[PDB]
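Chemist: Structure provided below as C-alpha cells; questions to follow.
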Amino acid sequence: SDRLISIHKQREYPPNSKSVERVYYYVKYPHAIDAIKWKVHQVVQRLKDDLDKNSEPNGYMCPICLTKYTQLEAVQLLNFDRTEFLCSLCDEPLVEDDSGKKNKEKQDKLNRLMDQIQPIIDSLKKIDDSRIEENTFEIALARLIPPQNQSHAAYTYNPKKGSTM
Amino acid sequence: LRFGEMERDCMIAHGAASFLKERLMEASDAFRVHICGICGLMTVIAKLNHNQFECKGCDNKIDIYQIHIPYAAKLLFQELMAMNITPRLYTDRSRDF
Amino acid sequence: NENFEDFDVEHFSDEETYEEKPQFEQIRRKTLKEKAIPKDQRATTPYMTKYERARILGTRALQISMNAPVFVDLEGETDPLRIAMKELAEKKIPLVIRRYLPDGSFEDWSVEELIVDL
Amino acid sequence: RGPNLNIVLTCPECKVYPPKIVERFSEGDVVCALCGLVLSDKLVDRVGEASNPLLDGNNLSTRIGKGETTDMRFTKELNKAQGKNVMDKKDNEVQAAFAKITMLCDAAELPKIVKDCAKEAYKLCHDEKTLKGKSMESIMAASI
Amino acid sequence: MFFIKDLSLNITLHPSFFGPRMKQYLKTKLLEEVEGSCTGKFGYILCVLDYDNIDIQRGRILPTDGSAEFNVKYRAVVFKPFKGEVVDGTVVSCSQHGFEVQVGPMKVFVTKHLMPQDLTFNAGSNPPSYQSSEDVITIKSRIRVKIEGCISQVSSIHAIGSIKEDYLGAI
Amino acid sequence: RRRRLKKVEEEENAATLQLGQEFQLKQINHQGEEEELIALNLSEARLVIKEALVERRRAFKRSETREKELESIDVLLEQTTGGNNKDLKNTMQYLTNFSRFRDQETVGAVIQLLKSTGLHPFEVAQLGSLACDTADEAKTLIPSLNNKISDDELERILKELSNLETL
Amino acid sequence: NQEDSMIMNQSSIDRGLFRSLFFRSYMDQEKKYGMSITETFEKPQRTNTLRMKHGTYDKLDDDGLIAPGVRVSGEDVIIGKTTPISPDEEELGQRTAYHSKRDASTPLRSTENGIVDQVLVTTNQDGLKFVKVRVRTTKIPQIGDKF
Amino acid sequence: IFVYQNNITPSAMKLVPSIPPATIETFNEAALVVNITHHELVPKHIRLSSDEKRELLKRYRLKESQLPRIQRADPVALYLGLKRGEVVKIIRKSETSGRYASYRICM
Ligand SMILES: [Mg+2]
Ligand SMILES: [Zn+2]
Ligand SMILES: [Zn+2]
Ligand SMILES: [Zn+2]
Ligand SMILES: [Zn+2]
C-alpha cells in the first residue's frame, strides 16, 4: 500500500509437478522513490494546512453539546446582556478553545519533522540530480543473490504470447 | 379513503385542478421542505426559530426556496437520493416552451 | 381479518395484469415583453370558458369569504359563491385571465370584456 | 451529559406544568385538555422484521438464499462470506449456543418461556471471567 | 457600505385590501416591509428612493391562498458590509469577550483576540471599558475598525471587526 | 442560460474588489440598460436619505449644527415613516455624527473631485467616508488603492478633502 | 325498492323479524419477554401508568377484566394490561418517577358496543395466563342491511 | 427516378447517394404496378414550400419537433419524393367537419 515493494504472480513448472501460483516480492526503485517524494511532499502540505487552520483565531466550543462555534457565528449567538455567547441548543455560555495557543507548538513540531527528514530530502536531491534506471522484475533478476538451497521458487522467467494488458 | 389513479383521472377529465391539488395535498400529505437555488436537493438545514437556512456543500445561505410537496414525493426524492439519483428541484425555467 | 364470498372487485389493481403480460423560437424568446400579446391582435375566443368561469367564481368567493370589498350591492345574499355570481352577472369582478398559448405567450382578457355566454 | 433533544409538549397559553394533555388518536391530534388548543397535529400511529434487543442484542443481519432465478454458484460463494467474518465470532458462537438451548428445550418439549429464560440466563452469564473453564454442556444444563 | 441598487420584492396582499387604493396599500406595505428590513443578499435596506414612481405591474392571485402576489421593483439605499473594509462607528456595549461598534444599522463585534496586547479589559470602571497605555475605549466613543469577516443569513447580517492594524482604533 | 452548479467562487473581499456577483461595476437597472454601480460616501448617503424623506413628507402633505440637525431629522423620521425604524434611526444618527460634509454643493464637489480621478466607485466612496490624513495611511486603510493612485496625487486630493472638511 | 332495494316492515322488525345476536371475542395474553419484562393483567391507574387510553377503565375489576353482564361501548377498556418500563425517562412531558408501567390494554372496537357475555381465563401451552372476552350485541335490521 | 425490375445490388446501393443536389430514388416495378394514392384510404398530400412551412410554424406557434411526423420510408413520402424537413399538408374527408387539413413533417 506504500509501494516500497511490489509483487509478481508468476507460476513455474517444478519437476514434481506440484506447482502453485507463488508470489515474488521485489522493489521497483523509481515508483518507490516517487511514492516517497509524493508522501513526504503532501505530508508537508497538510502540515502547513493544519498550522494554517490553527493560525485562524480559535473560536469557541460548547462543552454540553460538544460542538464548535467559530467567532463568525458566535456573534449570532451572543446574549441580550451582550456579555456571553449562548449555545443555540444547550443555551450555555460558550467556553474558549485553543486554536492559536498551540501555533508555536505546531511550528516546533514542523521544525522537528524537518530536521529529522533532512537525510530524506538530501537523498531526493541526489537522485533527482542523477539518473535512475526504471527496474522491473525482469531487470531485478540480473543481480540476484539466492536465498536458500531447496527453493521451490524458480527464478527463470517464462514469456507468454497473447497477453495484451 | 383511497383517492386512486383513475379517480384522479376522472377529476382530470372534469378539469378540477384545484380540487385535485386539494385532494392530493391538503387532504393527504402537505409537506413543506426547503431547497436551494444552487442544487435542487432537499439538503437545506432550516432553523425556523433562529431564521437560519444553510446548505452544506453549496455553502449558500441567501438562496433558499420554500416548496410544498407531498410527503410521498419527498420520500420518493430521498429514496432516489439513496439509490444515487439526484432529483434536483428548481423553481425557475431554463428552456423555452 | 375477513373471509367473504361476495366478490368485491379490487379496483386500481392492474399490476396483476401488468405482471401477467410484461413482454411484447422565431417570434418570442426567454421571458421578454414580447411574451405579452397586445390587445389589438388577441386571437383567442372572446367568451369565458367553463374553467375560466369556475376559477373566477372560486377566486372571487374565496376573496369575499376572506373579507374582500364587494363591488355590487347586496340583496341580503350572504354566501360568497352567490355574491361572486352576482358580481359576475353585472361584471364587477376586477380580475383578468392570463390565457397561456402553448409556445409560452399569453393573452390578458379581463372578466369585464369576456362574454359569459354559458 | 450530551444534548437534550427532548420535546416537552406544553400548552403555550395555559402555562401549566405538568400540562394536562389528551392524545386524540382518532382525530390525529394532541390537545391541551384545559383549553382545547391543538398543540401538535398529524399524529403518526408490516415493513420490517421484529428484533428484541435483550436476547441477541442490537445485531442486524440478513441471510442469503435462493430466489426465483438463482444460480447456485453465486449462493455458495456468498454463504462463505458471512461465515468467514472475524468481527462477529462472539455473535456466531452465542447464536450457536442459543440454537443448542432451543434444540435441547425442544427435545425436552419445554415451553417458550423456559426457552427464553434459559437463553437470557446464558446471555447474562456469557463472557464472564468466573465462567470460562466449565464445559459447554454444563453451561447449557445449568441455564436450562 | 451605503449603495443604491435596483431591488425587486414579491409582496403578498390579503384580499381585504383589494380596494380602489390598492396601489397605496402596496406602497405602504412596501414601506413597513422593506424600510429597515435586513436581507443578507442586498444588505440592510434603509430607505426607498423614488416613492412617487414605484414600478408595480399586474399582481398574480395565488391559486390556493387567494392573495395577490405583486413583483414590485423599486429604488432603495442599502448598507452591505464586506470583508476587509474599514468603517467608523461608536461603541454601544463592552464585555470580556470583546465590544460591539455601531456602524450604520449594524453592530460589529470585535473579539478580545483582535486588539493590541497592551489594551486590556477593565470591568471595575462604570461602564466597563477597555484601557491601554495611550487610549481608553468606552461606550459612546468614536472608533475606526476594519471588518475582516461577514456572515449573512436570509434576514440577518453579522460582522467581525479588528483594530490590530496600525492607524486604526479610536478617533 | 446554462444550468451549471457553479458553487465555487472567491470570497467577497474589499481589497480584491470582489463585492459579490450582484455588486459588480455594471448593474442592469429597472429600465433594462446597464449603469455604473452607485456607491455613496457617508455624507452623500445622508443627503440622499434626507432628500428622500423630505420628498416623502411633501408627498404626504400634498396627499447647521449637530444638536438641531438630530432633532430635525428625528421629527422628520417620525412624521414621514411608520413602524420598524430602529435601523433607520441608527443610520440617521450615525450619518449625522460621521458626516464629513454638510451641504449638497460641498458633497457634489467631492463627487466631481473624485470622478476627476476616474477611480472605482467603492474606492472613491471609501475615500470620501474615511477621515484620512496621509497617503500611506490611505493605502493601509484601503488596500484596494495599491498600485492605483500615485502618492503625490493621493496626498494632494486628501489635502483638499481636509480643506473641504468643515465643522 | 328500486335497483334491488327492499322495503321491510318496521313493525315486523320490532316484533323480531331478522333480529340477530352478534358475538365478538377478544383474546389477550400476558407474555414474559424477559426477567422483569412481563405483561400483567391489572386495573391500571393514571398516576403510575403511561400512555393510558382515553376510554374508561372503570368497568374493569381488580383482575383487569370486566365481569360478564356489564354493558360496554366503543373505545371502552375491556382487558387491562400493563408492562414495566425503564425508570427516569423524558417522554411526552407528562413523565415522572411514579410511572413504572405503561398501558398495553385491549379496548372494545370503537364503532361497536354490546354486553360482555362471557370472560374466560385460562393458561396457554406455555403456561402463561390468557383471557378471552366475548361481547354480545344485537343487530336489529335497518336501512342498508343486506338480505 | 430509377425503376428496376427485381432487386438492386448492395454494391450499387452504396453509390445510389451521389453528389448533391442530384438525388436518386429507386422504385420496384412490382410496388409500382398500382398507384397507391388513388385508394380512398390515402388522402390528398400536398408538399408545402419553404415559405408555406415557415408560415405554418409561425401561425401555429410551432417548432420542428411539435409537428406530426411522416417517416422517410413511407409509401406516400417516397411517392412525393419527400426529403427530411419537408412538410405535407394532408387534406382528408372528415365526418364531423367535411374537410380537414393536417400537417406532417418528414423525419
Ligand atoms: Mg351492486
Ligand atoms: Zn451546546
Ligand atoms: Zn444546495
Ligand atoms: Zn432534522
Ligand atoms: Zn391550554
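Chemist: In segment B:69-97, which residues are within 11 Å of another protein chain (Cβ to nearest Cβ) and within 30 Å of C:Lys35 (Cα to Cα)?
Modeler: B:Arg88, B:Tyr90, B:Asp92, B:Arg93, B:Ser94, B:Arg95, B:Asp96, B:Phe97 - these are the residues of segment B:69-97 that are within 11 Å of another protein chain (Cβ to nearest Cβ) and within 30 Å of C:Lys35 (Cα to Cα).
Chemist: While we're looking at this one, here's another question. Being within 12 Å of chain F (Cβ to nearest Cβ), within 30 Å of E:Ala123 (Cα to Cα) and surrounded by fewer than 21 Cβ atoms within 10 Å (Cβ to Cβ) is true for just one of E:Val101, E:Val87, E:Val92. Which residue is that?
Modeler: Matching residue, one of E:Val101, E:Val87, E:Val92: E:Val92.
Chemist: Let me ask another. How many of the residues in segment C:1-53 are touching an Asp or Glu at 6+ places or on another chain (Cβ under 9 Å) and of a type in the set (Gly, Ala, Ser)?
Modeler: Here the count works out to 2.
Chemist: For segment G:35-67, how many residues are small (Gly, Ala, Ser) and crowded, with 16+ Cβ neighbours inside 10 Å?
Modeler: Final tally of qualifying residues: 2.
Chemist: Right, here's the next one. If A:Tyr24 satisfies every condition in (1) within 14 Å of chain E (Cβ to nearest Cβ); (2) touching a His at 6+ places or on another chain (Cβ under 7 Å); (3) more than 30 Å from A:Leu113 (Cα to Cα) but one, which is the exception?
Modeler: (1)
Chemist: Please pick out the residue among E:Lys41, E:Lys73, E:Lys23 that is of a type in the set (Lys, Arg) and assigned to a helix (DSSP H, G or I).
Modeler: E:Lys23 is the lone residue from the list that is of a type in the set (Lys, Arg) and assigned to a helix (DSSP H, G or I).
Chemist: While we're on this one: Do we find a residue being part of a loop (DSSP other than H, G, I, E, B), away from chain G (no Cβ under 14 Å) and of a type in the set (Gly, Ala, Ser) anywhere in segment D:50-58?
Modeler: No, segment D:50-58 contains no residue that is part of a loop (DSSP other than H, G, I, E, B), away from chain G (no Cβ under 14 Å) and of a type in the set (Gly, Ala, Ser).
Chemist: Here's a follow-up. If the Cβ limit is 6 Å and pairs must be 6+ apart or interchain, which residue in segment E:103-126 that is closer than 15 Å to E:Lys146 by Cβ pairs with which residue that is among the acidic types (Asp, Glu) and surrounded by 14 or more Cβ atoms within 10 Å (Cβ to Cβ)?
Modeler: E:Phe109/E:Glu100
Chemist: Only residues that are in a loop (DSSP other than H, G, I, E, B) and at the interface with chain E (Cβ under 8 Å from one of its Cβ atoms): list them for segment F:21-45, please.
Modeler: Within segment F:21-45, F:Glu22, F:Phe23, F:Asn29, F:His30, F:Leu37, F:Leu40, F:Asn41 qualify.
Chemist: With the checklist (1) under 30 Å from F:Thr140 (Cβ atoms); (2) surrounded by fewer than 12 Cβ atoms within 10 Å (Cβ to Cβ) in hand, flag the one item F:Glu64 doesn't pass.
Modeler: The one condition F:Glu64 does not meet is (1).
Chemist: Next up: Please enumerate the residues belonging to segment E:143-155 that are surrounded by 16 or more Cβ atoms within 10 Å (Cβ to Cβ) and of a type outside the set (A, V, I, L, M, F, W, C).
Modeler: E:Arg144, E:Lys146, E:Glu148, E:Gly149, E:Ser152, E:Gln153
Chemist: Identify the residue in segment D:122-138 that is closer than 17 Å to D:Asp56 by Cβ and more than 9 Å from chain G (Cβ to nearest Cβ) and, among all such residues, is surrounded by the fewest Cβ atoms within 10 Å (Cβ to Cβ). Walk me through how you get there before you give the answer.
Modeler: Taking segment D:122-138 and keeping what is closer than 17 Å to D:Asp56 by Cβ, we get D:122-127.
From the residues that got through so far, the ones that are more than 9 Å from chain G (Cβ to nearest Cβ) too are D:122-123, D:125-127.
Working: D:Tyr122: 20, D:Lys123: 18, D:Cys125: 13, D:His126: 14, D:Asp127: 9.
Per the stated criteria, the residue is D:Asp127.
Chemist: Same structure, new question: Just checking, how many residues over segment C:41-79 are assigned to a helix (DSSP H, G or I) and either closer than 17 Å to C:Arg99 by Cα or away from every other protein chain (no Cβ under 11 Å) (or both)?
Modeler: 10
Chemist: For segment D:1-23, which positions are more than 16 Å from ligand 2 (Cβ to nearest atom), under 15 Å from A:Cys90 (Cα atoms) and of a type in the set (D, E, K, R)? So that I can check it myself, show each step before the final result.
Modeler: Just the residues of segment D:1-23 that are more than 16 Å from ligand 2 (Cβ to nearest atom), to begin with: D:7-23.
Filter again for under 15 Å from A:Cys90 (Cα atoms), leaving D:7-8.
Hits for segment D:1-23: nothing passes.
Chemist: As an exercise: evaluate F:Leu53 against (1) farther than 26 Å from E:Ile160 by Cβ; (2) touching a strand residue (DSSP E or B) at 6+ places or on another chain (Cβ under 8 Å); (3) surrounded by fewer than 18 Cβ atoms within 10 Å (Cβ to Cβ) and give the number of the one condition it does not meet.
Modeler: (3)
Chemist: Let me ask another. Where residues in segment D:15-32 are within 8 Å of ligand 5 (Cβ to nearest atom) and within 28 Å of B:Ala30 (Cβ to Cβ), which of them is nearest to the other protein chains (Cβ to nearest Cβ)?
Modeler: Checking each candidate, the answer is D:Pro19.
Chemist: Looking only at residues that are within 13 Å of chain E (Cβ to nearest Cβ) and surrounded by fewer than 17 Cβ atoms within 10 Å (Cβ to Cβ) in segment B:35-45, which one is farthest from ligand 5 (Cβ to nearest atom)?
Modeler: Result: B:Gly37.
Chemist: Here are some residues: D:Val86, D:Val47, D:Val8. Which one is more than 14 Å from ligand 5 (Cβ to nearest atom), within 11 Å of another protein chain (Cβ to nearest Cβ), part of a loop (DSSP other than H, G, I, E, B) and β-branched (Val, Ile, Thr)?
Modeler: On the way: D:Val86 fails: within 11 Å of another protein chain (Cβ to nearest Cβ); D:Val47 fails: within 11 Å of another protein chain (Cβ to nearest Cβ).
None of the others qualify; the one that does is D:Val8.
Chemist: Quick one: would you say A:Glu105 is in a helix (DSSP H, G or I), under 26 Å from E:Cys94 (Cα atoms) and either away from ligand 3 (no atom under 16 Å from the Cβ) or among the aliphatic types (A, V, I, L, M) (or both)?
Modeler: No: the conditions fail for A:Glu105.
Chemist: Specify the residue that is farthest from the other protein chains (Cβ to nearest Cβ); the eligible residues are those in segment E:11-51 that are acidic (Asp, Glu) and closer than 14 Å to E:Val77 by Cβ.
Modeler: First, pick out the residues of segment E:11-51 that are acidic (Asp, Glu): E:32-33, E:35, E:50.
Those left that are additionally closer than 14 Å to E:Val77 by Cβ: E:35, E:50.
Working: E:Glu35: 6, E:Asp50: 8 Å.
Only one residue tops the list, namely E:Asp50.
Chemist: Restricting to segment G:101-129, name every residue that is under 20 Å from G:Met52 (Cβ atoms), not in a loop (DSSP other than H, G, I, E, B) and not polar (S, T, N, Q).
Modeler: G:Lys101, G:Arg102, G:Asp103, G:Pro107
Chemist: Let me ask something else. Here are some residues: B:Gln66, B:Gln78, B:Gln52. Which one is polar (S, T, N, Q) and closer than 30 Å to C:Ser13 by Cβ?
Modeler: Matching residue, one of B:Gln66, B:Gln78, B:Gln52: B:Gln78.
Chemist: Could I ask something else about it? If I filter segment E:109-125 for residues that are within 28 Å of F:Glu10 (Cβ to Cβ), within 14 Å of chain F (Cβ to nearest Cβ) and buried (at least 19 other Cβ atoms within 10 Å of the Cβ), do I get at least one hit?
Modeler: No: segment E:109-125 contains no residue that is within 28 Å of F:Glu10 (Cβ to Cβ), within 14 Å of chain F (Cβ to nearest Cβ) and buried (at least 19 other Cβ atoms within 10 Å of the Cβ).
Chemist: Are any of the residues in segment B:46-68 within 10 Å of ligand 3 (Cβ to nearest atom), more than 14 Å from chain E (Cβ to nearest Cβ) and touching a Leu at 6+ places or on another chain (Cβ under 6 Å)?
Modeler: Within segment B:46-68, none of the residues are within 10 Å of ligand 3 (Cβ to nearest atom), more than 14 Å from chain E (Cβ to nearest Cβ) and touching a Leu at 6+ places or on another chain (Cβ under 6 Å).
Chemist: Starting from segment F:79-98, take each residue that is within 9 Å of chain E (Cβ to nearest Cβ) and list its partners that are part of a helix (DSSP H, G or I) and polar (S, T, N, Q), counting only C-beta distances under 7 angstrom and pairs at least six apart or across chains.
Modeler: none
Rule-based calculations on the coordinates, nothing more; no lab input. Positions of Cβ are generated from backbone atoms using ideal geometry, with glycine treated the same way; all protein chains shown enter the neighbour counts.
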